[PDB]
Amino acid sequence: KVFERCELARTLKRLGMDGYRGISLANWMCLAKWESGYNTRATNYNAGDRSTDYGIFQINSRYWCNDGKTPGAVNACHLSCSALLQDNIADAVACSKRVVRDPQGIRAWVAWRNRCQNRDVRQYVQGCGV
């Protein structure tokens, strides 16, 4: 599923993402936007370390989900990476929450640092009723 901007903002808010661990909905929107263009079936294989990024938040298999083919990987979200490719984003959100409970917080995603950190991200939620 490719979410439309406001549809996604409301979906994330309903799932309890607004201000989760001090992270605003606009930041999560900026992250999803830059990671996958709001696409839940997006995947990126990293030939360098044999890991793959999954879903709307492009969560990596080395530490967050199990795909059975990433060397010495762990599954901190205790999910099959398949769960991160569903149209329903419940599991991807549960896992993103797990990611940010770690010290790095939203900084875990390099794309967030590049295109969201210290930037005006208001535009992502404007007019969405969130």
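So for chain A, numbering is Swiss-Prot's, and the shown residues are 19-148, in order.
Heads up, the Cβ atoms here are built off N, Cα and C, so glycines get one too.
Database features (Swiss-Prot):
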- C24-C146: disulfide bond (DISULFID)
- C48-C134: disulfide bond (DISULFID)
- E53: active site (ACT_SITE)
- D71: active site (ACT_SITE)
- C83-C99: disulfide bond (DISULFID)
- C95-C113: disulfide bond (DISULFID)
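Everything Swiss-Prot records as a feature, shown here on the structure.
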residue : record         : Cβ neighbours (10 Å)
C24     : disulfide bond : 16
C48     : disulfide bond : 24
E53     : active site    : 22
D71     : active site    : 22
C83     : disulfide bond : 28
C95     : disulfide bond : 22
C99     : disulfide bond : 26
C113    : disulfide bond : 25
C134    : disulfide bond : 21
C146    : disulfide bond : 18
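Using Cα positions, the member of the recorded positions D71, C83, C95, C99 nearest to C48 (disulfide bond) is identified as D71.
In this structure, the CA atom of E53 (active site) is 17 Å away from the CA atom of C83 (disulfide bond).
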